[PDB]
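Asks: Would you mind keeping the following structure in view while I ask a few things?
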Amino acid sequence: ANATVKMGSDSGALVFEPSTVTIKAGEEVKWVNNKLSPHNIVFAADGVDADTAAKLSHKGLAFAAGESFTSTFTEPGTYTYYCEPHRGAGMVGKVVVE
């Protein structure tokens, strides 16, 4: 049920809080920009859902504290996402929607 997440943990670590979450089919995740900017949110397209309507873009960007992008999904299963410029540093995660 209706989630939110903060990109850039309160400790200044390049991770989104929560970096793993559980909502059910049709609920959302309304993530915001909070630390060691910039930040990004791109999903992997794990099944048949339009991750391309639940992610920023492999070029979208959150550079100022408080910026945001929102995502809403309904294909029962779990889908992966990450931050392009921080992928290799650990700014990667997995959402669940059922």
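By Swiss-Prot numbering, chain A shows 29-126, in order.
From the backbone N, Cα and C atoms, a Cβ is placed for every residue, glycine too.
Below are the features I grabbed from Swiss-Prot:
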- 29-126: domain 'Plastocyanin-like' (DOMAIN)
- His67, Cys111, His114, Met119: Cu cation binding site (BINDING)
Asks: Non-local Cβ contacts of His67 (Cu cation binding site) (under 8 Å, 6 or more apart, same chain)?
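Replies: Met35, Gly36, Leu42, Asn61, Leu89, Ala90, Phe91, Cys111, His114, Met119 - these are the non-local Cβ neighbours of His67 (Cu cation binding site), listed in sequence order.
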Asks: Starting from the Cu cation site formed by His67, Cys111, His114, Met119, give every other residue of that chain whose CB sits within 8 Å of the mean position of their CB atoms, in sequence order.
Replies: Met35, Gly36, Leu42, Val43, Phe44, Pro66, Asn68, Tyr110, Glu112, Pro113, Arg115, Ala117
Asks: According to DSSP, folded down to helix, strand and coil, what is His67 (Cu cation binding site)?
Replies: strand
Asks: Three states by DSSP: which one describes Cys111 (Cu cation binding site)?
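Replies: The three-state answer is coil.
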